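Undergrad: Below you'll find the structure I mean.
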Amino acid sequence: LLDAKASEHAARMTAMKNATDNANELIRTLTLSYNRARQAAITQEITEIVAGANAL
Amino acid sequence: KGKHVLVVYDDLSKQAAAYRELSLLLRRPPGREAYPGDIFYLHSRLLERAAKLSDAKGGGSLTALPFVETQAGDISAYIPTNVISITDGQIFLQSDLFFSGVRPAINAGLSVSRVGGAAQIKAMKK
Amino acid sequence: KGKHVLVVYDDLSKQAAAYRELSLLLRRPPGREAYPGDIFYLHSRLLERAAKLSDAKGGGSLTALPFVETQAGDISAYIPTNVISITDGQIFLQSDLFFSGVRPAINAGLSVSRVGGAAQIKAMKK
Amino acid sequence: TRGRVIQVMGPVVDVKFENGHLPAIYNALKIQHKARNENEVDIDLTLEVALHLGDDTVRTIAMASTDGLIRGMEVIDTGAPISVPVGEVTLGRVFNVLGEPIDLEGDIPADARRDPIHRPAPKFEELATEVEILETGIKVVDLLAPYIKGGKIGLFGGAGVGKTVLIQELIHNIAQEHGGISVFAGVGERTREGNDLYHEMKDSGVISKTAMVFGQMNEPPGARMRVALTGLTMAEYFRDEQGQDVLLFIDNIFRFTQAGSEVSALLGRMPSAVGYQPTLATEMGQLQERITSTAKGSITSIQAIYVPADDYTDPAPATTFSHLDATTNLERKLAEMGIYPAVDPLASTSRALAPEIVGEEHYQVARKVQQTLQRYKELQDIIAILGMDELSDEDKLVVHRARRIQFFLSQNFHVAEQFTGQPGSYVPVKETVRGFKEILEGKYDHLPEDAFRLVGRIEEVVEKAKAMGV
Amino acid sequence: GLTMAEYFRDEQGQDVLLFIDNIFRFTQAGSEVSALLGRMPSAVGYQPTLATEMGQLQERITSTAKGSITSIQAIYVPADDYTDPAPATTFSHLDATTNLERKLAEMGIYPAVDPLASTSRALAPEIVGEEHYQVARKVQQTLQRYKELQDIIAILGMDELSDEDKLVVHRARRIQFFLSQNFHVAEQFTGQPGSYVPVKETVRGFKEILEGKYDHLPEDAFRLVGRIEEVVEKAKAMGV
């Protein structure tokens, strides 16, 4: 019984570490698309403003 | 004349696009997304004609059910935001609920009726 | 004349907006966020007049504490970036900490002072 | 000295006058015509001057529909801006943008005095030198979000929460206690809602102390622009002459800027960052700066704000938020639970909640109430999932007292008497502070939970409990 | 091409079948030309008259009482953006649509048709059949439910799922792999002859798969197999 308890604790610790690693992996893949959308918004808005100004 | 009328509009986004095309062809300065500045006025003029008359006017009534189509479920777009702030409520349909066997896929959590309660019989209210 | 002066500016974003309004009314070509092409020059010309004179000039000094107000806590906007690229540091105030009840709600994780360390007494430094 | 019509481009009309007789800016013009034959339509319009062009040309903004206009028509100059009647006659009446009565009770005699719409702001010397607190008689407002005399209050909330009831009870309490006058102005809102509010006021009888101005969504932007200024110039008379305290209600300030943004496109101005007008800040300031408290009287305003798509970085909300002093939030969850007026105790904040203004005891009581409510809020999921058991002896007492506090936060109103038979009450700040202090101390831990519902003063809880048989 | 095609069904009443290689290049050329004519740009630089120009051409291809015309068209999606105005404005003219996904293509599934995005007007109980309708609805429901668990699966793994979710994933993987097929054209690059599958055969195979009859076979045996019977022989050749 004591051996089983020790093995259970070790397994839980390993699983938690793996979950943390997976989340840290996903973060940067999110940030890349974040940056792309950030550039796209500005490149749309500046063109819209210039086109509106050129009408007069 | 004292009758009751029901009016259904199939699409307002197409009408807005046609108005934008006409304004651009008439050489008027564009706004955001090339739309003209008076699209809100254009929609409000149409949507303000539905009402219920008083007893002195005969007691007639008229109701409208406009339709709006969204792209990829984006509810924060310019035309949907303009239309939402005019009507008395919204009904939402979701493909996620549609594919899960729930049809009609009416989202009861987001649907809002700002006149409800007074438009139901006592049996249903109870 | 050899004295020490302290100057505090309440807001620079409002001044920038007023300058943008004047330039737009005068029909000058616009840039990013409809701002003119010399807003950075306008800010730097004002902010570059504070200095510590030498012994030959008289030994006078002048210091400034400009303020900038942000919307929803972002610091990526054009005017905040321009001001940060000029100043020697910044002090952050946390809306959540202020809501909690801490006065002042200074965030020490983002504040920095490039001149710091050489402007303290020995006791405080130790 | 009469003009001609040259260009019609929708809501914008251009007029040419004789040399040396150009009208001033903001002056009003009239167009009256009768059909000469079967191919014409009668026209009645009002115009105001906006810009001065080069060759004796003036560009104006229409106050109504421009259909049927013909190039070459005649224009009459009035020589003065829009004038609106003021005085005790306007009490209990409904007016349009131009000041003409809408209801069927008759017309106002032409000999009554009138005042111009536009007016400069008060000077620096005429303002007060200290901050004062306006007492309303509502426990939640007086305890968690005090109102200052002369500030601006922002209100957030949807339909079916009791906004009309709250407005009615505020007007009733102010008129009863301070002898003030309330003015309501609706800008770009629903006609059905306006009619419902008018009928509710008629039923409640509060209409005898209020004057109403209606410019709604179906009106053109030119008409929608001037409603707020008309309401303000109606309200200013009582402060300037009688030296009273006046309430001003604005239905929606977002439409005020939206109409200007719509109008500015046709005048030939360059667009702004998000397509707005370049003069948004000046236009907002010239209107907001006229609501101040002087040595003779005071004016305070409650404004409802709508945020499109819940985006707080939009320029119009960003500019409007810079003038507010306090906010009140209404909660549908609190409304469903049966608690009125269902004001959120945690979302609402005020600038005047400082120990230098309200007092150390008030500050400590408010801070303790906020702390215990915030602590109670965090246990919702744990309680709902795992039940009330497995909780420590401290959290159980916390949730024991939180229910009492939350139920005591409610109140009964005067205007609700017609449906329940309960007269209502007016609770002073000292009384509510003492009651909350006693509750926090815990002198009433043995009383039933339902005894704290819709009582008013603290001493009525004991009587209600005794009536319940405790 | 359209004025060549119309004559047959207008003067002889014969059935005509039509192909269009890529309809997006028409609107692209129109946008390229409209710039020099003096018109103001649209939202994304297109011509202001994008809708009416496409509508005039699309409304001309219809079936009348004299004859019928069937057409198959290919549409290009620029930069893999389905919200672009040109792809977005052509959805209202079609009856049945099929969508291809790069994510499905990269996994080795061909022809990589999205099973949830594709729709058709003929999918009705009174047109196809009750059994076919039920099988299609069940397959779509299982695919959607499998899709809903990706966020949990990617982080916490398959251990935390219940008994039902494990079976749902087990059958969804088999269905997704079985949806693939091998074509006759690809024989010159792989040497596999290809297959032709009838509607009754594929319906029966999908019903048998949904019934749980083949839960003991490896998932790799369902790739490019054609009929259901070949799955068993592929598995026994593999060694199961």
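Letters A, B, ... mark the chains of the structure tokens in the order given; residue numbers begin at 1 per chain; ligand numbers begin at 1, in order shown.
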Quick one: residues within 9 Å of stretch 226-238 of chain D, only C-alpha atoms counted, chain neighbours fewer than 6 positions away excluded, as a short mmCIF file (atom, residue, chain, number, x, y, z; two decimals) with C-alpha atoms, in the first residue's frame?
TA:
```
data_model
loop_
_atom_site.label_atom_id
_atom_site.label_comp_id
_atom_site.auth_asym_id
_atom_site.auth_seq_id
_atom_site.Cartn_x
_atom_site.Cartn_y
_atom_site.Cartn_z
CA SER D 83 -35.85 81.45 -29.39
CA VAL D 84 -37.73 79.24 -26.92
CA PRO D 85 -40.36 80.42 -24.41
CA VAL D 86 -39.43 80.13 -20.74
CA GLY D 87 -41.21 80.57 -17.42
CA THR D 90 -43.72 75.45 -19.73
CA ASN D 96 -40.76 70.08 -30.03
CA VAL D 97 -37.32 71.32 -31.11
CA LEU D 98 -38.66 74.73 -32.20
CA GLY D 99 -40.69 75.16 -29.00
CA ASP D 115 -34.48 83.38 -24.87
CA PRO D 116 -31.81 82.48 -27.44
CA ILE D 117 -30.62 78.89 -27.69
CA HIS D 118 -26.89 79.68 -27.71
CA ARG D 119 -25.20 81.30 -24.71
CA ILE D 181 -38.05 71.52 -10.82
CA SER D 182 -37.24 68.64 -13.17
CA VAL D 183 -36.76 68.85 -16.95
CA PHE D 184 -36.70 65.82 -19.27
CA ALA D 185 -35.18 65.80 -22.76
CA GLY D 186 -35.23 62.80 -25.08
CA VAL D 187 -32.71 62.65 -27.92
CA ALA D 211 -41.42 69.96 -18.70
CA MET D 212 -40.72 67.62 -21.61
CA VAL D 213 -38.96 68.09 -24.96
CA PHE D 214 -39.00 65.29 -27.54
CA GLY D 215 -36.67 64.88 -30.49
CA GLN D 244 -33.54 76.80 -7.12
CA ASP D 245 -32.01 73.34 -7.59
CA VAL D 246 -32.89 71.78 -10.94
CA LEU D 247 -32.68 68.22 -12.25
CA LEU D 248 -31.88 67.67 -15.93
CA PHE D 249 -32.42 64.32 -17.65
CA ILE D 250 -30.81 63.47 -20.99
CA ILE D 253 -25.80 61.58 -25.36
CA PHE D 256 -25.84 63.85 -29.97
CA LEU D 287 -22.52 71.79 -24.06
CA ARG D 290 -22.93 75.02 -19.02
CA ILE D 291 -24.05 72.64 -16.24
CA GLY D 297 -28.41 78.08 -7.58
CA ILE D 299 -28.03 72.35 -11.83
#
```
Undergrad: Distance limit 10 Å, atoms considered: only C-alpha atoms. Which chain D residues sit that close to chain C? Return them as a list in words.
TA: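 Every residue meeting the condition is included here: residues 269, 270, 271, 272, 273, 274, 275, 277, 278, 279, 280, 281, 282, 311, 312, 313, 314, 315, 318, 349, 367 and 371 of chain D.
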Undergrad: State, in Å with one decimal place, the distance from atom CA of residue D:160 to atom CA of residue D:332.
TA: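 According to the coordinates, atom CA of residue D:160 and atom CA of residue D:332 are separated by 8.3 Å.
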Undergrad: Please, which residues of chain A lie no more than 9 Å from chain C when the count uses only C-alpha atoms, and can they be set out as a VMD selection string?
TA: chain A and resid 42 45 to 46 49 to 50 53
Undergrad: Could you turn the residues from that selection into a file that holds C-alpha atoms, as a short mmCIF file (atom, residue, chain, number, x, y, z; two decimals), in the first residue's frame?
TA:
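That gives us again-v3.cif:
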```cif
data_model
loop_
_atom_site.label_atom_id
_atom_site.label_comp_id
_atom_site.auth_asym_id
_atom_site.auth_seq_id
_atom_site.Cartn_x
_atom_site.Cartn_y
_atom_site.Cartn_z
CA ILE A 42 -3.59 49.41 -38.99
CA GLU A 45 -7.48 51.87 -41.25
CA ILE A 46 -4.73 54.08 -42.69
CA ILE A 49 -8.53 57.34 -43.93
CA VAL A 50 -6.38 58.31 -46.93
CA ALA A 53 -9.46 62.30 -47.46
#
```
Undergrad: Would you mind listing, for every residue of chain E within 12 Å of chain A, the two atoms forming the shortest contact and the distance between them in Å to one decimal, using only C-alpha atoms, sorted by chain and ascending residue number, as CSV?
TA:
```
residue,atom,partner,partner_atom,distance
E:39,CA,A:55,CA,11.2
E:40,CA,A:55,CA,8.4
E:41,CA,A:51,CA,8.0
E:42,CA,A:51,CA,9.6
E:43,CA,A:48,CA,7.9
E:44,CA,A:44,CA,8.7
E:45,CA,A:47,CA,10.0
E:151,CA,A:23,CA,11.0
E:152,CA,A:19,CA,10.9
E:153,CA,A:19,CA,10.9
E:154,CA,A:22,CA,8.0
E:155,CA,A:19,CA,5.9
E:156,CA,A:19,CA,6.3
E:157,CA,A:19,CA,8.8
E:159,CA,A:15,CA,10.4
E:160,CA,A:15,CA,11.4
```
Undergrad: Let's have the selection written as a PDB file, in the first residue's frame, with N, CA and C atoms.
TA:
```pdb
ATOM      1  N   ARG E  39     -13.653  55.460 -61.480  1.00  0.00           N
ATOM      2  CA  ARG E  39     -14.552  55.161 -60.378  1.00  0.00           C
ATOM      3  C   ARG E  39     -13.795  55.161 -59.055  1.00  0.00           C
ATOM      4  N   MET E  40     -14.511  55.495 -57.985  1.00  0.00           N
ATOM      5  CA  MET E  40     -13.903  55.515 -56.663  1.00  0.00           C
ATOM      6  C   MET E  40     -13.738  54.089 -56.137  1.00  0.00           C
ATOM      7  N   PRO E  41     -12.684  53.824 -55.368  1.00  0.00           N
ATOM      8  CA  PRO E  41     -12.458  52.462 -54.872  1.00  0.00           C
ATOM      9  C   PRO E  41     -13.497  52.046 -53.844  1.00  0.00           C
ATOM     10  N   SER E  42     -13.695  50.735 -53.745  1.00  0.00           N
ATOM     11  CA  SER E  42     -14.612  50.147 -52.780  1.00  0.00           C
ATOM     12  C   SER E  42     -13.861  49.837 -51.486  1.00  0.00           C
ATOM     13  N   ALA E  43     -14.493  49.055 -50.607  1.00  0.00           N
ATOM     14  CA  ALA E  43     -13.924  48.779 -49.291  1.00  0.00           C
ATOM     15  C   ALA E  43     -12.548  48.128 -49.397  1.00  0.00           C
ATOM     16  N   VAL E  44     -12.413  47.116 -50.255  1.00  0.00           N
ATOM     17  CA  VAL E  44     -11.169  46.358 -50.340  1.00  0.00           C
ATOM     18  C   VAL E  44     -10.563  46.585 -51.724  1.00  0.00           C
ATOM     19  N   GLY E  45     -10.815  47.761 -52.295  1.00  0.00           N
ATOM     20  CA  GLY E  45     -10.254  48.118 -53.578  1.00  0.00           C
ATOM     21  C   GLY E  45     -10.989  47.579 -54.785  1.00  0.00           C
ATOM     22  N   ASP E 151     -10.347  21.222 -27.308  1.00  0.00           N
ATOM     23  CA  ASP E 151      -9.657  22.069 -26.338  1.00  0.00           C
ATOM     24  C   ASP E 151      -9.236  21.276 -25.107  1.00  0.00           C
ATOM     25  N   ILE E 152     -10.121  20.416 -24.599  1.00  0.00           N
ATOM     26  CA  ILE E 152      -9.780  19.597 -23.442  1.00  0.00           C
ATOM     27  C   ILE E 152      -8.760  18.530 -23.822  1.00  0.00           C
ATOM     28  N   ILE E 153      -8.921  17.921 -25.001  1.00  0.00           N
ATOM     29  CA  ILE E 153      -8.023  16.840 -25.404  1.00  0.00           C
ATOM     30  C   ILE E 153      -6.597  17.353 -25.566  1.00  0.00           C
ATOM     31  N   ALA E 154      -6.437  18.546 -26.143  1.00  0.00           N
ATOM     32  CA  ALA E 154      -5.101  19.054 -26.441  1.00  0.00           C
ATOM     33  C   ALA E 154      -4.291  19.330 -25.179  1.00  0.00           C
ATOM     34  N   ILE E 155      -4.951  19.617 -24.059  1.00  0.00           N
ATOM     35  CA  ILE E 155      -4.241  19.998 -22.843  1.00  0.00           C
ATOM     36  C   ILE E 155      -4.216  18.845 -21.849  1.00  0.00           C
ATOM     37  N   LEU E 156      -5.392  18.360 -21.451  1.00  0.00           N
ATOM     38  CA  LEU E 156      -5.479  17.375 -20.380  1.00  0.00           C
ATOM     39  C   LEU E 156      -5.411  15.934 -20.868  1.00  0.00           C
ATOM     40  N   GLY E 157      -5.369  15.706 -22.177  1.00  0.00           N
ATOM     41  CA  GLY E 157      -5.259  14.361 -22.700  1.00  0.00           C
ATOM     42  C   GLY E 157      -6.568  13.597 -22.639  1.00  0.00           C
ATOM     43  N   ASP E 159      -7.189  11.002 -20.713  1.00  0.00           N
ATOM     44  CA  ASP E 159      -7.409  10.290 -19.457  1.00  0.00           C
ATOM     45  C   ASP E 159      -8.635  10.811 -18.717  1.00  0.00           C
ATOM     46  N   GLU E 160      -8.875  12.121 -18.767  1.00  0.00           N
ATOM     47  CA  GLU E 160      -9.935  12.727 -17.971  1.00  0.00           C
ATOM     48  C   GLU E 160     -11.325  12.541 -18.567  1.00  0.00           C
TER      49      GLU E 160
END
```
Undergrad: Using all C-alpha atoms matched in sequence order, least-squares fit chain C onto chain B and give the RMSD rounded to one decimal in Å.
TA: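 C-alpha RMSD after least-squares superposition: 0.6 Å.
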Undergrad: Looking only at strand (DSSP E) from DSSP on the backbone, list the matching residues of stretch 16-133 of chain E as number ranges by chain.
TA: E: 16-20, 69-73, 96-97, 119-120
Undergrad: Next, the residues of the selection above should be written as a compact mmCIF listing (two decimals), in the first residue's frame with N, CA, C and O atoms.
TA:
```txt
# COMPACT_ATOMS: atom_id res chain seq x y z
N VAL E 16 -27.86 20.16 -71.88
CA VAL E 16 -26.54 20.76 -72.00
C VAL E 16 -25.85 20.69 -70.65
O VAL E 16 -26.45 21.00 -69.61
N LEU E 17 -24.58 20.29 -70.66
CA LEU E 17 -23.75 20.22 -69.46
C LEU E 17 -22.56 21.15 -69.65
O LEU E 17 -21.88 21.09 -70.68
N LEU E 18 -22.31 22.01 -68.66
CA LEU E 18 -21.37 23.11 -68.81
C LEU E 18 -20.35 23.10 -67.68
O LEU E 18 -20.66 22.73 -66.55
N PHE E 19 -19.12 23.51 -68.00
CA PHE E 19 -18.05 23.68 -67.03
C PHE E 19 -17.48 25.09 -67.13
O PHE E 19 -17.39 25.66 -68.22
N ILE E 20 -17.09 25.64 -65.98
CA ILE E 20 -16.38 26.91 -65.90
C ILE E 20 -15.13 26.69 -65.07
O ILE E 20 -15.20 26.19 -63.95
N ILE E 69 -30.10 23.00 -68.13
CA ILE E 69 -28.65 23.20 -68.14
C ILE E 69 -28.12 22.89 -66.75
O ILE E 69 -28.63 23.42 -65.76
N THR E 70 -27.10 22.04 -66.68
CA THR E 70 -26.39 21.77 -65.44
C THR E 70 -24.96 22.29 -65.56
O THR E 70 -24.32 22.11 -66.60
N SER E 71 -24.48 22.96 -64.52
CA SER E 71 -23.18 23.61 -64.55
C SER E 71 -22.41 23.30 -63.28
O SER E 71 -22.98 23.18 -62.19
N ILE E 72 -21.09 23.17 -63.43
CA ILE E 72 -20.17 22.99 -62.32
C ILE E 72 -19.11 24.08 -62.41
O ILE E 72 -18.47 24.24 -63.45
N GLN E 73 -18.93 24.82 -61.32
CA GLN E 73 -18.04 25.97 -61.29
C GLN E 73 -17.02 25.82 -60.17
O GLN E 73 -17.32 25.28 -59.11
N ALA E 96 -25.73 23.68 -54.30
CA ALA E 96 -24.90 22.77 -53.53
C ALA E 96 -23.46 23.25 -53.57
O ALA E 96 -22.96 23.63 -54.63
N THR E 97 -22.80 23.23 -52.41
CA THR E 97 -21.44 23.73 -52.28
C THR E 97 -20.57 22.70 -51.57
O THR E 97 -21.04 21.99 -50.68
N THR E 119 -23.14 21.97 -47.78
CA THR E 119 -24.59 21.90 -47.67
C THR E 119 -25.19 21.64 -49.04
O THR E 119 -24.53 21.82 -50.07
N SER E 120 -26.45 21.22 -49.05
CA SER E 120 -27.17 20.97 -50.29
C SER E 120 -28.66 21.13 -50.05
O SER E 120 -29.15 20.92 -48.94
```
Undergrad: Can you list, as a PyMOL selection string, every residue of chain B that DSSP puts in alpha helix (DSSP H)?
TA: chain B and resi 13-25+39-47+78-84+95-99+122-125
Undergrad: Restricted to C-alpha atoms, what would the selected residues look like written as a tab-separated table (two decimals), in the first residue's frame?
TA:
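Ended up saving to out_4.tsv:
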```
chain	number	residue	atom	x	y	z
B	13	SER	CA	-27.44	44.19	-46.00
B	14	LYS	CA	-28.04	43.89	-49.75
B	15	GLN	CA	-30.04	47.12	-49.71
B	16	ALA	CA	-27.22	48.81	-47.79
B	17	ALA	CA	-24.68	47.57	-50.35
B	18	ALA	CA	-26.84	48.86	-53.21
B	19	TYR	CA	-27.12	52.25	-51.50
B	20	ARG	CA	-23.34	52.33	-51.03
B	21	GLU	CA	-22.83	51.53	-54.72
B	22	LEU	CA	-25.25	54.29	-55.75
B	23	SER	CA	-23.58	56.83	-53.45
B	24	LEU	CA	-20.12	55.92	-54.75
B	25	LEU	CA	-21.34	56.23	-58.35
B	39	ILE	CA	-26.94	54.58	-43.34
B	40	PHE	CA	-28.35	54.85	-39.80
B	41	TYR	CA	-30.81	57.51	-40.98
B	42	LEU	CA	-31.71	55.35	-43.99
B	43	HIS	CA	-32.54	52.38	-41.75
B	44	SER	CA	-34.32	54.43	-39.06
B	45	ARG	CA	-36.60	56.12	-41.60
B	46	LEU	CA	-37.79	52.70	-42.77
B	47	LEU	CA	-38.02	51.09	-39.34
B	78	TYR	CA	-21.00	47.75	-38.46
B	79	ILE	CA	-24.37	46.98	-40.08
B	80	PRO	CA	-25.48	44.47	-37.39
B	81	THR	CA	-24.54	46.94	-34.65
B	82	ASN	CA	-26.47	49.72	-36.39
B	83	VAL	CA	-29.56	47.54	-36.86
B	84	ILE	CA	-29.56	46.07	-33.33
B	95	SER	CA	-24.91	26.47	-36.37
B	96	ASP	CA	-23.41	24.82	-33.28
B	97	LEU	CA	-26.92	24.22	-31.95
B	98	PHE	CA	-28.16	23.44	-35.47
B	99	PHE	CA	-25.73	20.55	-35.92
B	122	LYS	CA	-52.66	34.57	-18.69
B	123	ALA	CA	-52.38	30.80	-19.22
B	124	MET	CA	-48.91	31.13	-20.77
B	125	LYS	CA	-47.85	33.79	-18.25
```
